[PDB]
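For reference, each letter of the sequence shown is one residue, going 18 to 54, 121 to 474 in full-length UniProt numbering.
For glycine and all other residues, C-beta sits at the position ideal for the given N, C-alpha and C.
Here's the structure, in structure tokens; my notes come after.
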Amino acid sequence: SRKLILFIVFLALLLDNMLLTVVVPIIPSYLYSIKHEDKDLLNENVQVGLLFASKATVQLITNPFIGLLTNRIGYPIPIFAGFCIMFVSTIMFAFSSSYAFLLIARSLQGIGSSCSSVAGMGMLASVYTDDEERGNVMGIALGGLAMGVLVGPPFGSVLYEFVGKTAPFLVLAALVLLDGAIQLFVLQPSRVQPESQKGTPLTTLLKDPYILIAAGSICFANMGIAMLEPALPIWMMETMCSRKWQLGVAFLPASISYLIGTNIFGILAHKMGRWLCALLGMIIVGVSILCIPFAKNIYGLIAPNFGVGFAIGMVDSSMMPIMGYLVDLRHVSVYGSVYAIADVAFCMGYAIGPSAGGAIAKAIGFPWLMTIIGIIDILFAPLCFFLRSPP
Ligand SMILES: COC(=O)[C@H]1[C@H]2C[C@@H]3c4[nH]c5cc(OC)ccc5c4CCN3C[C@H]2C[C@@H](OC(=O)c2cc(OC)c(OC)c(OC)c2)[C@@H]1OC
Numbered sequence: 018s019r020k021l022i023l024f025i026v027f028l029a030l031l032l033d034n035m036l037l038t039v040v041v042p043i044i045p046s047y048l049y050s051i052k053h054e121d122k123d124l125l126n127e128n129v130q131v132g133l134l135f136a137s138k139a140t141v142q143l144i145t146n147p148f149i150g151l152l153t154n155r156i157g158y159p160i161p162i163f164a165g166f167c168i169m170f171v172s173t174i175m176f177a178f179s180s181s182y183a184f185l186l187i188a189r190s191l192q193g194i195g196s197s198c199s200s201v202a203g204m205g206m207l208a209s210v211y212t213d214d215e216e217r218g219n220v221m222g223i224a225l226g227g228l229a230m231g232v233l234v235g236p237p238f239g240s241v242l243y244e245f246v247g248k249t250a251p252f253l254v255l256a257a258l259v260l261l262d263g264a265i266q267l268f269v270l271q272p273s274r275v276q277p278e279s280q281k282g283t284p285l286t287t288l289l290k291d292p293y294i295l296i297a298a299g300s301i302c303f304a305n306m307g308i309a310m311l312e313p314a315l316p317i318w319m320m321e322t323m324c325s326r327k328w329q330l331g332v333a334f335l336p337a338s339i340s341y342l343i344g345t346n347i348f349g350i351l352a353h354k355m356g357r358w359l360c361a362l363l364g365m366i367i368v369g370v371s372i373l374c375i376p377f378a379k380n381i382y383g384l385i386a387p388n389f390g391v392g393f394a395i396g397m398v399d400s401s402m403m404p405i406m407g408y409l410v411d412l413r414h415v416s417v418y419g420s421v422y423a424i425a426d427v428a429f430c431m432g433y434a435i436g437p438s439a440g441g442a443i444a445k446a447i448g449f450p451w452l453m454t455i456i457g458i459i460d461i462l463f464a465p466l467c468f469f470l471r472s473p474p
């Protein structure tokens, strides 16, 4: 039943990102409508920034605890717990309306995300035996992480606009319940205990300056989109008075470009130079983030989002193998390590992006927020030169 576990983990990760991102086009607009119907927007910026960063904050906080828990008790129980609490979070998103319950839903979704991510990928890694097959199947589930983040925004936005706020979350609860049911019913026979081969702890592993540089580059490149995601709908609603179904169609190009850039540069990086590809990715994401605020129409927004997605797809494809090579070279390696580092990096971005950027959006505004983050990416691009390994 190796394939079935792969399907379960793929669906878990896809639903996780879909729930993570469907919040982007409907909930900031929901709070805007519920409070206005501007100092109102000034307070709402920081409120929604904290609401969006709570998921990553709680996930980063609870990741080591859940890792210890799955080491002690096994993989399947954390996976099922993650499915159950993700379904709870989806339902509470669907029905609750006040900001406190939305915050609780976001925190519960973060805990469930940590559960599903770490327990699933670990169990998926342990079930398979062939190294090539392991790499291929992890490439499938990690690709699902991206397919979910792609399909989520437009679907959530359009259904919210047409039917209502309760329907997309109801559908998400339906899929999450189906995945939990299939895992519980047709994947009974045995429990998988994680491997006894433990790599370097994340403390010293992140203490490495080179791994720190790569993780910081990933963190900033994704913090770009992490600051885009909770403030771009508000910027559109206060600038172009766009319909509520376009708030997902505008984020569609970023994810499509991420897919395209990943597929292209996962083959082009080892020939164009991984460090050079990462540096160009940082530069391009900086330029695109600068170009985003100067758009008057969504037609003028499809291009900068395309550049943003293309750059991240390039940075990720140029750093994941770089992270693996650095870990294998300067430390002892277990297949989880790389992912773990990336996870922390991602968390950091989404723990500092919306929480702080929104405050900036309240103090200096949105265009300036984007100018600062783009300049940060541009000036961090030269730091990728310290990835000049001889091969
Ligand atoms: C919280 O996370 C995410 O939201 C996912 C995305 C992060 C970011 C993003 N967000 C958006 C949100 C939008 O609307 C709001 C619109 C566009 C985007 C884009 C384009 C840029 N990018 C796309 C998504 C990337 C996903 O992560 C991986 O794909 C991945 C792949 C791996 O191997 C192939 C890994 O192993 C090393 C790995 O380790 C952790 C992670 C990441 O999941 C962690």
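Under a Cβ-count criterion, where at least 16 other Cβ atoms within 10 Å of its own Cβ denotes burial, should residue i be classed as buried or exposed?
i: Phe176; result: buried
i: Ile25; result: buried
i: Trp451; result: exposed
i: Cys467; result: buried
i: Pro465; result: exposed
i: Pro474; result: exposed
i: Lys379; result: exposed
i: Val415; result: exposed
i: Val269; result: exposed
i: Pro237; result: buried
i: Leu21; result: exposed
i: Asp262; result: buried
i: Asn34; result: buried
i: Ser279; result: exposed
i: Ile44; result: buried
i: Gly203; result: buried
i: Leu151; result: exposed
i: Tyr382; result: exposed
i: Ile456; result: buried
i: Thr145; result: buried
For ligand 1, any of its heavy atoms closer than 7 Å to the Cβ of residue i?
i: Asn305; result: yes
i: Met365; result: no
i: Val220; result: no
i: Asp411; result: no
i: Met206; result: no
i: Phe348; result: no
i: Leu143; result: no
i: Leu152; result: no
i: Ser325; result: no
i: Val254; result: no
i: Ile43; result: no
i: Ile149; result: no
i: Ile435; result: no
i: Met403; result: yes
i: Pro387; result: no
i: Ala444; result: no
i: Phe377; result: no
i: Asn126; result: no
i: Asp426; result: yes
i: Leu225; result: yes
i: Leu37; result: yes
i: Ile372; result: no
i: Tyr422; result: yes
i: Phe334; result: yes
What are the start and end residues of the alpha helix (DSSP H) that includes residue i?
i: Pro45; result: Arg19 to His53
i: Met323; result: Neither: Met323 is in no alpha helix (DSSP H) and is coded neither H nor E.
i: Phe449; result: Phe449 to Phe463
i: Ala423; result: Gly419 to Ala446
i: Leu134; result: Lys122 to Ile156
i: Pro387; result: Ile385 to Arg413
i: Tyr243; result: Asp214 to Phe245
i: residue 61; result: Position 54 is followed directly by 121 in the chain, which means residue 61 is not present among the coordinates.
i: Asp262; result: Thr249 to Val269
i: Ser196; result: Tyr182 to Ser197
i: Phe469; result: Where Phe469 is concerned, there is no enclosing alpha helix (DSSP H), given that its DSSP letter is neither H nor E.
For the 8 Å Cβ check, are there 3 or more pairs between the region 206–223 and the region 285–301? no
Would you be able to state if there are at least three C-beta pairs under 8 Å between the region 342–355 and the region 241–248? no
Count the CB pairs spanning the region 127–134 and the region 435–448 that are closer than 8 Å, and state whether there are at least three. yes
Can you find at least 3 beta carbon pairs, one from the region 329–342 and one from the region 379–396, that sit closer than 8 Å? yes
Should the region 208–222 be called in touch with the region 306–321, which here means at least 3 C-beta pairs below 8 Å? no
Mind the definition here: the region 444–464 touches the region 364–379 only if three or more C-beta pairs lie below 8 Å; say whether that holds. Cβ pair count under 8 Å is three or more, so yes.
contact_flag[the region 189–197, the region 136–148] where n(CB pairs < 8 Å) is 3 or more: Judged by Cβ distances under 8 Å, the region 189–197 makes contact with the region 136–148, as three or more pairs qualify.
Three or more C-beta pairs below 8 Å linking the region 422–432 and the region 402–411: Touching, yes, given that three or more Cβ pairs across the two stretches are closer than 8 Å.
When the Cβ atoms of the region 167–181 are set against those of the region 443–450, are three or more pairs found closer than 8 Å? no
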